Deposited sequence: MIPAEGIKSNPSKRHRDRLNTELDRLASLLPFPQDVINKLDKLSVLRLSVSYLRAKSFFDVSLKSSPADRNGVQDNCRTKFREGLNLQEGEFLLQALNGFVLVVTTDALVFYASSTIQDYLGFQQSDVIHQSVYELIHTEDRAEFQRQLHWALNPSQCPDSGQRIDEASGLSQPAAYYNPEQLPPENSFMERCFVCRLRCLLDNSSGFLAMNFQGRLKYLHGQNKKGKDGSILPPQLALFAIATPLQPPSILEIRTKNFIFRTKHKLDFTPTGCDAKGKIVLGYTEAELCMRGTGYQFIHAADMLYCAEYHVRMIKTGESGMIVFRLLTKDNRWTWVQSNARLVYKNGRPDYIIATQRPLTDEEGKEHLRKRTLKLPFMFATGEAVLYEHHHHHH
């Protein structure tokens, strides 16, 4: 018995009824605090109010029941195909919505991000750029957001648009809708292969460096099988353009002495990626005359490949060229 105690008991029982109705699993609801309960219910109301204005499957001439089952999860399928997460943010930099997959990419559970300031997730060095993006209306940019999986940040491509967020019922002593960013955030993409595993691999070549054999680890690293490896030309068809002259010099060194010497260069994999290698080419002889080459390579990382490149002995044209390549039969 106590007046204000019973008043706050009424407040708490209404807060309990509000928490019981949130569209989250009960294991997520039970670990919620009252402030987050109110915040999440506000978020749910604002979302449903916007969808009441903006929204509303298989055309009924292709209709099968398996197709209808798939259509009823079309949304989740699109979400899984994003390789990222959806982000809807308001002019006040409030996370109007974030998809659950944010937990898969940044570690932040969706329950804790909605109706919170998006800058809490964004690098201080990038909040200015993000706010510049928040204010002719399609958007394509990059930003580094907090990464709890690293525990640590992650650079993400944002692709989206600015559309009027209806049904927000903003006021002043009634307001029009303002532009909210509807965007998809995806990770960044690299272009070179680095082996995680020492993965020494040997391959045999003709005297013009045309490949004829390759061991297991070579297949594991370069992506080709034996046949496709040999039917693509000589070895120079796989070498990065910024390296072809160095390998040619070391090939003439091997021709004249039998040994290449430790050389470092890049090779084109089956998926058209560049992998660093430190290699050595030795000549086997038959009846005292050259027969074939046995080139053994160690997979290198880009951090040490670039280090070998900057401490380059000889210098030749195209030394610092960067580019992509292809390879046919």
query: Sequence ranges without modelled C-alpha atoms (deposited numbering); finding: 1-8, 65-71, 151-188, 205-206, 229-231, 256-257, 390-395
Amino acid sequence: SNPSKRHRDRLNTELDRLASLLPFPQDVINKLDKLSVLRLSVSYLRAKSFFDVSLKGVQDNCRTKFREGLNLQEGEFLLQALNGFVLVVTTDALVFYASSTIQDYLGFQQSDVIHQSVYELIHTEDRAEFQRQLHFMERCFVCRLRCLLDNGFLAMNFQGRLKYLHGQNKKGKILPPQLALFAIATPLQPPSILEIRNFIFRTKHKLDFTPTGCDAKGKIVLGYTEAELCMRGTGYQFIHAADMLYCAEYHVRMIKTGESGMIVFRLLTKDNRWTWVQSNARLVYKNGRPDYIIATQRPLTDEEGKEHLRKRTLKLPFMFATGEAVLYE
From here on, numbers count along this sequence of modelled residues.
| item | value |
| --- | --- |
| Test item: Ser192 lacks coordinates in at least a third of other entries | yes |
| Coordinates lacking for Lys173, a third or more of other entries | yes |
| Comparing 137-145 with 254-262, the one whose average Cα B-factor in the PDB entry is higher | 137-145 |
| Selected stretch [higher average CA B-factor]: 313-321 or 8-16 | 8-16 |
| Residue selected from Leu179, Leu106, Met156, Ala93 by maximal Cα B factor | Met156 |
| Selection from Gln59, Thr64, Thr269, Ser49 [criterion: highest C-alpha temperature factor in the record] | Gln59 |
| Among modelled residues of the same chain, the CA temperature factor third for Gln168 | middle |
| Entry-reported Cα temperature factor of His205, expressed as the chain third it lands in | middle |
| Ranked against its chain, the third holding the CA B-factor of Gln116 | lowest |
| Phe130, C-alpha B-factor rank within chain (lowest, middle or highest third) | highest |
| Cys247 CA temperature factor, ranked by third within the chain | middle |
